[PDB]
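Residue numbers (the deposited numbering), protein chains in the order written: chain N, 6 to 226; chain A, 7 to 226; chain E, 7 to 220; chain C, 6 to 226; chain C', 6 to 226; chain E', 7 to 220; chain A', 7 to 226. A prime marks a further copy of an entry chain.
Ideal Cβ positions, reconstructed from N, Cα and C, are used throughout, including at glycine.
What follows is a set of notes on a single structure, which appears directly below.
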Amino acid sequence: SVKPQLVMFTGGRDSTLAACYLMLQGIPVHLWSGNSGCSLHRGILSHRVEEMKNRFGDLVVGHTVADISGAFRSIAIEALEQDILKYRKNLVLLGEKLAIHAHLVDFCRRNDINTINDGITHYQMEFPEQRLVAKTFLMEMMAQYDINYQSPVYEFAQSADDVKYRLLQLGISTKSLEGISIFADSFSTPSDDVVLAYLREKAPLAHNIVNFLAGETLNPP
Amino acid sequence: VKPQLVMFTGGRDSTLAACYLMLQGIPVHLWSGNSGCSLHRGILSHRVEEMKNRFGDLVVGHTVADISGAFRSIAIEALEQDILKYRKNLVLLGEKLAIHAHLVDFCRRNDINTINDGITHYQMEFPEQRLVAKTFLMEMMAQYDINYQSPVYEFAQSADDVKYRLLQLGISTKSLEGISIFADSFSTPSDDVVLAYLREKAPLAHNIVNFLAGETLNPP
Amino acid sequence: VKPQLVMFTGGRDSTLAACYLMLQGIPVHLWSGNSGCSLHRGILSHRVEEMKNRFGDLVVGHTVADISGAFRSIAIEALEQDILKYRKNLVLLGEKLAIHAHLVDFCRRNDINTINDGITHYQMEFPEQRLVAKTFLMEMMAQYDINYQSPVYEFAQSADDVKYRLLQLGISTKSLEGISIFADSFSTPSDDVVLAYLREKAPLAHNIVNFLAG
Amino acid sequence: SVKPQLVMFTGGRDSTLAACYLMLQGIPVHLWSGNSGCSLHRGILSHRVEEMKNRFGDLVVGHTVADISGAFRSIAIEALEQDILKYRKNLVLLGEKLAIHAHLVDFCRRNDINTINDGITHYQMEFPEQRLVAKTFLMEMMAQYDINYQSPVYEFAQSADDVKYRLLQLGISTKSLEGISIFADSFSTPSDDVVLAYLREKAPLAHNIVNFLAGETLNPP
Amino acid sequence: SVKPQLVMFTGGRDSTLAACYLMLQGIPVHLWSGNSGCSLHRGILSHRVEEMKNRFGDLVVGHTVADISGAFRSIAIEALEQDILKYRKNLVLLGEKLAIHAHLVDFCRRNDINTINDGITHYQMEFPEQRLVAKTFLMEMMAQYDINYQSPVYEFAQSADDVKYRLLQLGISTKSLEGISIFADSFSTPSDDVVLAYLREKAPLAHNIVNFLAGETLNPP
Amino acid sequence: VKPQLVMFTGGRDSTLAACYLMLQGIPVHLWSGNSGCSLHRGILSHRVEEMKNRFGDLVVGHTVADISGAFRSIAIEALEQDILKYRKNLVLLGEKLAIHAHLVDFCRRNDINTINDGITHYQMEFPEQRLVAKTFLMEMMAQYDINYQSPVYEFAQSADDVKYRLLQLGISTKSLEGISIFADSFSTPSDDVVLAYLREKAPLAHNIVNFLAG
Amino acid sequence: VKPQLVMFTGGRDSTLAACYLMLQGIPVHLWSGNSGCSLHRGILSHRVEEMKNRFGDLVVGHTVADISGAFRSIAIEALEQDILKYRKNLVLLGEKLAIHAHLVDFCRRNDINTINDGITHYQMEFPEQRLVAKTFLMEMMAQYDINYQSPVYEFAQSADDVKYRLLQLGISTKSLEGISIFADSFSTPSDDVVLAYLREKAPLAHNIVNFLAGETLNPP
Ligand SMILES: Nc1nc2c(ncn2[C@@H]2O[C@H](COP(=O)(O)OP(=O)(O)OP(=O)(O)O)[C@@H](O)[C@H]2O)c(=O)[nH]1
Ligand SMILES: Nc1nc2c(ncn2[C@@H]2O[C@H](COP(=O)(O)OP(=O)(O)OP(=O)(O)O)[C@@H](O)[C@H]2O)c(=O)[nH]1
Ligand SMILES: Nc1nc2c(ncn2[C@@H]2O[C@H](COP(=O)(O)OP(=O)(O)OP(=O)(O)O)[C@@H](O)[C@H]2O)c(=O)[nH]1
Ligand SMILES: Nc1nc2c(ncn2[C@@H]2O[C@H](COP(=O)(O)OP(=O)(O)OP(=O)(O)O)[C@@H](O)[C@H]2O)c(=O)[nH]1
């Protein structure tokens, strides 16, 4: 046995492979999925979890679906007017990732987990949060709470096709069985400077939410 | 109001085709061909559920047909000769021909005269979805007084077109279908090659039609 | 005695191989690879029943493994190139290599070091049953400290040899196995072609072995 | 509406196809299997019946498994010493076919069937019961009882491969799921003259069995 | 405490009495019945087993019904033409007895039994398997495997009447509740020389079957 | 066709008699007399099952009748006098007369006028199967307008004749009947003795017939 | 306190014998021989019920034994010769000998050394109940170290004696037993004939004892 680690798991190919690759090494994974409250057609996720339990047994130690709608709202939606007028870009989905990270601090500290993993693989332009500017920021944030952030399947596959057929060799389906954010395809591409500035602007809020969830303060930042 | 048949895989394109028919008041019989080389088909049932939920009685049925015999005869039996001649793996074109042979039999025995599929403009790179193939199969189906339509062909200029119409129906935008083991196992053929293959295998397909009708046991 | 694994399809030859091991006191794990292109495999369960009936606990289990991914990668993904180069459809040889890659993983994770199959002399036309293939796969399995035997190879000079030894065991003589959709879909290859194909796909097989092992 | 015909059905691919081809034409078939009491490992037959019911429904009107062991013994076994010393050939399986035909006269008369069909194929002419000379004899025999004997896969089947792949196209397994006679591979090849002489010697016994089964005589030939 | 012995049990009155007489002495019996695949109407056997369990309880340690059809075919059926042309006699039932004995070597070695018993009787010496010359041969055969072959009702049974009324005294039916070989009344009487020659010709096959069943060879004789 | 009754014991001969009637389209009522001195009659039900399996509704029913009282009165009550006079134990002939007395009653109350048994030529040693007995009982039954036939008498020159016609019907060749405790308890009588015994007990049988009819 | 066996038919005499033993604290195993010629035996169970009701645990069991084989061999097989020699039907004497042979076996295998029956003075006209028979059977049973007693013999000078003792026990006075088909089928024999028959059939009885013990299969 090894100490379980957490995987940020959406049901997509890439995070599926991340979890699978960990488990192939004997590393038990706690699958963690954030529900932001604006995600549609999330039913299929259960089919993917089933496939993974079938192939790896006990190594899937559990699947947590967390309601992060409150943190998401506070970080990304309450000041949507301000946010879009300032950055000229809809960064709601970036805010959601910050909300995920706040929740993960709480989850990790309450469940004795010190390693989290994500599904970064080959390069994907659509996801600003997979950029070094954002991942550096997020890694820093998690390290302030002594949480180790890994990307175990980084550049392990060259392309989406490489991810699909590695999963097929594992006896798992190639599809991305994830819910769809209502904000999918609802934004244009931001610069790295807008990404970093947004993360820095909302960070105080995220940290405050972390403190609230730990029972240390009610007061705003 | 008389049911029509939809060639249904669970993909977003065939889903939309069936849904759009049902929105017009047309009951659809969902028909899925199992060629025997299809992996991870379990998720299909989630899609069927979505459609029953949204349209009720207008989904008059779901038939899963074993077409592995016809598929093998058309597309696999002579695979060495086929690939050495055409220099391309056209197995999935063969599968569509096998589907159509079976559908003549199915339509004749179940009193259906209109079949529909999800072929789309944005997927014309796949041989079975090329105008040249569709035209050939329309003529084939008309020889048996069967009307073959493709109700999402002209509209779907991208997968996004299909996605957002599905979402408006309260249906997931994903393709909840099985994967052929022959996915990503082929390079793109010319139109000349697609037409030549269809013409070469047509005698076999028609022979399969005759066998399924109990009119011959003898070879093409 | 320590269990050994048998590559078991339900066919006469692999049935007899498993049975002959069990008659010697050797418990067998029956292992069946599903490549994703097999039809009418329901009858297999009738044969497993016959074997459980005749040998009891010596049948320690029956694993049906999904090997469709490895099979696809080795044998199907480059089928155009493969057929244009060798002028022969060697998909079923590919399947055998995919079986052996999966078996490395299976053996390491389940503490088995002896694998057995039903290859027979009388089926030498089929590439996976050629001496040159067998020799290659024995070398491959020995690189992972796995002993690969073929306990009915030398004896079975005809299907009749196998049939009547099965009958003596109170077992049906038929091959109660599934049918590959690639049955009767190929012409006969040379030994040189079988060896060259195995050597070309071996790097991929070893890569799949490493992936399955993390 | 369409009148059922009977198929002599063993579970082999040839008789399976014969029955299937009839049913494809709309002809309901009564599947008839003779158990001679020397047949081993007959359990798999029911798998084949299931496949056929699955593919054709109501057109399978029934499956009769008949005990023909008594007729078989009387015609083929009781005088085995004399039979083999005279003909120099083990013709028990020819005797079985005669016993089948005697039983079928009775069955057809009692069940209002006038057309019987079997799976004889060109590719299986080595076996005595599938030799033109035997078939011709049995056709004549059946016609004396106003029974039409047909062999609907005879001319088509130039090889087992022909039969297999027509079954596969029907969604049915290619295998011969039939029991095995203990007399399999227990004989060498007989001449036509010997097959005809044997049939003509045992014919009186067969006709006598027909009459007994109809309740017209108890007396021997 | 008392070590079980095996009885070759058909349901006939002679083997029934043999088993019963053993059990009356305190000797537990394993009833062993060989099914050669040519035996008809075997259902009544279970009525006889019931009678014996009723009368003797625990002393009936078991009833094994063994499939010996393969050994029987290989030794008696496969070369039936040659066998009958050479010996001028149908000795299939002698072959069956050899097949029984081969199977019993295997059964005795695997089940720790060293004494087998049958129901041979003086009054049934017409049949080859119950001829002194056959019994002597099979005794020798069994002794080569350190198996003691006994016939506990041989000297007593001067007629079927002797056996019947000793059964009746045990509260057991007098009938032979056994299946019937299709080869019943299918043979004329052989000489001793012919019985010995046949046994000696098929012996190599029997010993080979013994070795196969022990997992020591696949090769033919 | 109108049902007929068969005197059925489960033995070969009566089994074949009933079967041969049914093959002709004649429904049979199977009738078995229990004399009170029969052992191990459980196996009879196996034979009835075989016959129902092979002929269905043509078996219209199976009556097991207690005839112990008539049997006792005819054959047992005066056994000392009977044996001292005839020098032979004729109890089983008595049983047959008791069967026939009961059958008069049964036939009148159940609308049957044809009775049949399994008597055979090959069993002429047994008094109830002698021509002289059969003739007497046919006369007796005709006094009550009952037709008494023996449909396997002339044909069965040996038990083998019966056996192999049964086998042809898919029925076991064995006699699945009970055993009289009087089996093997008697020496062979003359025809004169059989006739004289029947004639002496006939008044008693007719009296029992009248009693059963009120 | 060690069980003894009672030869029990359901009749008033054997009922009283068993009851009187149980009144003294002696547990009884009720043993009933079925010779295969016995009619209307169903009422026996009513009598057993009465006795269980009145005595509880002291009724340790009820064995019904099939003795038809021994009965047939001793009494029926040679019925012609037996009646021609003795001029009397002694089948029911034979039955009692068969009962006693079976009881040697039963006693040896079930660790019982005392058997008891209901023979009575008032029924001395029946051969099995005659002093001369009882004496012979006592000697026979003593050769196997079995004690044979008849605990109601001397007291029962009439059926009325038995009746009224039963009634005092809360038990019905009737004989709730089966009837032999050989009831009223015999005239009364002399003592000489009873003794001679017993002596002639004794070798057969002892042979049956040996067979039941697994010591011989051979004839007397
Ligand atoms: N011939 C043919 N091949 C198809 C068809 N649909 C899918 N495929 C094959 O199977 C593969 C499946 O990949 P996609 O359908 O793109 O998978 P997806 O998850 O829906 O979408 P992506 O996220 O873009 O991979 C294709 O790349 C083709 O090789 C079709 O209609 N015809
Ligand atoms: N590569 C390969 N092909 C095989 C093998 N066994 C069968 N095949 C192919 O499958 C075809 C049919 O196989 P089956 O359906 O089992 O038929 P069969 O081998 O002739 O045997 P039966 O079914 O007993 O008549 C063969 O003619 C070959 O083309 C095998 O071990 N390897
Ligand atoms: N009167 C009379 N006695 C019979 C009859 N059948 C049998 N028995 C007597 O019963 C004895 C044994 O009968 P079964 O036990 O049937 O024996 P079996 O007749 O020799 O026949 P199997 O049991 O087949 O060997 C005979 O030897 C006769 O003494 C019958 O029909 N009438
Ligand atoms: N040998 C013998 N015969 C007996 C015995 N008990 C009864 N029987 C016979 O069976 C007949 C039965 O008649 P009972 O016992 O008198 O009948 P019951 O109804 O108890 O008394 P009753 O009202 O007097 O008739 C006797 O007449 C004897 O013939 C017995 O102990 N020994």
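Is residue i near ligand 3, in the sense that its beta carbon is under 6 Å from a heavy atom of that ligand?
{"i": "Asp-167(C)", "result": "no"}
Roughly how many whole angstroms lie between the Cα atoms of residue i and residue j?
{"i": "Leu-27(A)", "j": "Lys-180(A)", "result": "19 Å"}
{"i": "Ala-219(C)", "j": "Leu-36(C)", "result": "22 Å"}
{"i": "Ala-202(N)", "j": "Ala-162(N)", "result": "31 Å"}
{"i": "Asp-198(A)", "j": "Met-130(A)", "result": "14 Å"}
{"i": "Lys-91(C)", "j": "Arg-93(C')", "result": "11 Å"}
{"i": "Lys-169(A)", "j": "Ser-20(A)", "result": "12 Å"}
{"i": "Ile-177(E')", "j": "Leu-137(E)", "result": "55 Å"}
{"i": "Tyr-128(E)", "j": "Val-158(E)", "result": "11 Å"}
{"i": "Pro-33(A')", "j": "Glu-160(A')", "result": "22 Å"}
{"i": "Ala-23(E)", "j": "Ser-74(C')", "result": "21 Å"}
{"i": "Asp-63(N)", "j": "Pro-9(N)", "result": "11 Å"}
{"i": "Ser-41(C')", "j": "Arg-47(C)", "result": "15 Å"}
{"i": "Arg-171(C')", "j": "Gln-87(A')", "result": "21 Å"}
{"i": "residue 5(E')", "j": "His-106(E')", "result": "No answer is possible for residue 5(E'): it lies beyond the span of chain E', which begins at 7 and ends at 220."}
{"i": "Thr-120(A)", "j": "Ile-82(A)", "result": "29 Å"}
{"i": "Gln-30(C')", "j": "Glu-221(A')", "result": "7 Å"}
CB of residue i to nearest heavy atom of ligand 1: below 6 Å?
{"i": "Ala-24(A)", "result": "no"}
{"i": "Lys-180(N)", "result": "yes"}
Quick check on the DSSP output: the alpha helix (DSSP H) that includes residue i runs from which residue to which?
{"i": "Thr-141(A)", "result": "137-149"}
{"i": "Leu-223(A)", "result": "It is not in any alpha helix (DSSP H) - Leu-223(A) carries neither H nor E in the DSSP assignment."}
{"i": "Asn-122(A)", "result": "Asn-122(A) -> not in any alpha helix (DSSP H); beta strand (DSSP E) instead, spanning 120-122."}
Our contact map puts residue i next to residue j with C-beta atoms below 8 Å; I'd like the distance itself, whole angstroms only.
{"i": "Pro-209(E')", "j": "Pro-133(E')", "result": "Not a contact, Cβ separation roughly 19 Å."}
{"i": "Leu-103(E)", "j": "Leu-204(E)", "result": "6 Å"}
{"i": "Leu-98(E')", "j": "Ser-186(E')", "result": "7 Å"}
Indicate, with yes or no, if ligand 4 has a heavy atom lying under 6 Å from the CB of residue i.
{"i": "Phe-14(A')", "result": "no"}
{"i": "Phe-142(E')", "result": "no"}
{"i": "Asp-190(A')", "result": "yes"}
Name the two residues that bound the continuous beta strand (DSSP E) containing residue i.
{"i": "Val-12(A)", "result": "10-13"}
For residue i, is the beta carbon positioned less than 6 Å from some heavy atom of ligand 2?
{"i": "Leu-98(E)", "result": "yes"}
{"i": "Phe-132(E)", "result": "yes"}
3-residue-minimum beta strand (DSSP E) runs that sit fully inside the region 17-48 of chain A, ordered along the chain
The region 17-48 of chain A contains, as complete beta strand (DSSP E) runs of 3+ residues, the segments 34-40 (chain order).
For a minimum of 4 consecutive residues, which ranges assigned as the alpha helix (DSSP H) are wholly contained in the region 142-194 of chain C?
Correct list: 165-174.
Write down every uninterrupted run of the alpha helix (DSSP H) in the region 50-114 of chain A' whose length is 4 residues or greater and which is fully enclosed by it, in chain order.
For the region 50-114 of chain A', whole alpha helix (DSSP H) runs of length 4 or above, ordered along the chain, are 50-61, 74-77 and 85-92.
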